[PDB]
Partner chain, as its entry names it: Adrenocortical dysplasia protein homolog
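Below, in structure tokens: the form deposited without its partner chain, a single chain.
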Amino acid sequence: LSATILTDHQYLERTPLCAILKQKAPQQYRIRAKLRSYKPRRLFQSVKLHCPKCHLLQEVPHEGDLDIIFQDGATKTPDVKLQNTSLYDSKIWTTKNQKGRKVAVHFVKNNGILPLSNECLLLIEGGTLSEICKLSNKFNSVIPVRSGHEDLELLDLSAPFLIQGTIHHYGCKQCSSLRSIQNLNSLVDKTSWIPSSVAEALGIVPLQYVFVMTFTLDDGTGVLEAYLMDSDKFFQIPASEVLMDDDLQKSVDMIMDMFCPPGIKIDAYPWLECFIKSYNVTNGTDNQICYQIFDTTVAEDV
């Protein structure tokens, strides 16, 4: 049987890769081919961030640069910005003999009351990623802020606008337009702060984590390179969660080994049945035919 199966377009007749390569674009094809190689090799440099509106793809920041951005924006001491108005209560920490600091934690309310804090939002100021990542596994969500002129403002959108357990929510830099922090009040779903709600309440275009790979497929009649911009449905594993998980990070590697394990014969590889949409693409200034994999997922049992 095939290692991949189509989730749609099962009515189509399979096209040989040699026939696909001469045709013009766009079209759509059903294929049954083998995976020779793929890119990238390490299945942590494949995860990217794509704006849904402007369609730009860019890299996921490694945790070191977030601490860089944190300390650069995190100021020294606030004055009036503390336990203020009808939004948050905020008692601050201190630090002695650990080189000194005053990290600030701000607890946003729920129609005046403070609810089951597994639905509670935090406005940390002056903290570090590891400290934040430990405050995100128990609390609902924490978003980094810094003391602006007279109002707490989010950091640069190169930093995540929302930390929610094992998911780091990023927005688009030029597509989004940061609004005031006070707009978190006008949030209808006051119990659960859905990431899109706080993004809309602040004017942020949320980027989604995606698997960005490139497959080299060969059915025997020809060799063809196919793209893959999977959210969650190809590996049946959600791409915004692989980077902070071991078993999620353990299965995608196992899946690609089930597809092509380097060491055995090629005719011992399992067949891959996918659906592809070809289309015309420019690179620098040269039109090219690109192939993307759609409506395809892993087979029954690994």
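Rigid core: the largest C-alpha set superposing within 1.5 Å between the two forms. Numbering follows the first chain given and starts at 1.
We do not show the form solved in complex with its partner chain, though everything after this point is about it.
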{"query": "Contacting member of 89, 150, 189, 156, with respect to its partner chain in the entry with it bound [4.5 Å, heavy atom]", "finding": "89"}
{"query": "Triplet 31, 236 and 298 all within 4.5 Å of its partner chain in the entry with it bound via a heavy atom", "finding": "no"}
{"query": "Exercise: residue 45 in contact with its partner chain in the entry with it bound, heavy atom 4.5 Å", "finding": "yes"}
{"query": "Partner contact for residue 10 in the entry with it bound: its partner chain, 4.5 angstroms, heavy atom", "finding": "no"}
{"query": "Touches its partner chain in the entry with it bound: residue 36 (any heavy atom, 4.5 Å)", "finding": "no"}
{"query": "Partner contact for residue 129 in the entry with it bound: its partner chain, 4.5 angstroms, heavy atom", "finding": "yes"}
{"query": "Location of its partner chain contact in the entry with it bound, chosen stretch of 171-179, 198-206, 157-165, 110-118 [non-hydrogen atom, 4.5 Å]", "finding": "110-118"}
{"query": "Partner contacts in the entry with it bound for 12-35 (non-hydrogen atom within 4.5 angstroms of its partner chain)", "finding": "26, 27, 28"}
{"query": "Identity of the moved residue from 84, 196, 111, 118, C-alpha shift 2 angstroms or more, core fit between the shown form and the other one", "finding": "84"}
{"query": "After fitting the core, residue 154 CA displacement of 2 Å or more between the shown form and the other one", "finding": "no"}
{"query": "Rigid-core frame, C-alpha of residue 280, shift of 2 angstroms or more between the shown form and the other one", "finding": "no"}
{"query": "Residue 75 C-alpha relocation of at least 2 Å between the shown form and the other one, rigid core basis", "finding": "yes"}
{"query": "Direction of C-alpha distance change in the entry with it bound, residue 79 to residue 145 (at least 3 Å)", "finding": "closer"}
{"query": "Comparison of CA distance in the entry with it bound with shown form for residue 80, residue 120, at least 3 Å", "finding": "closer"}
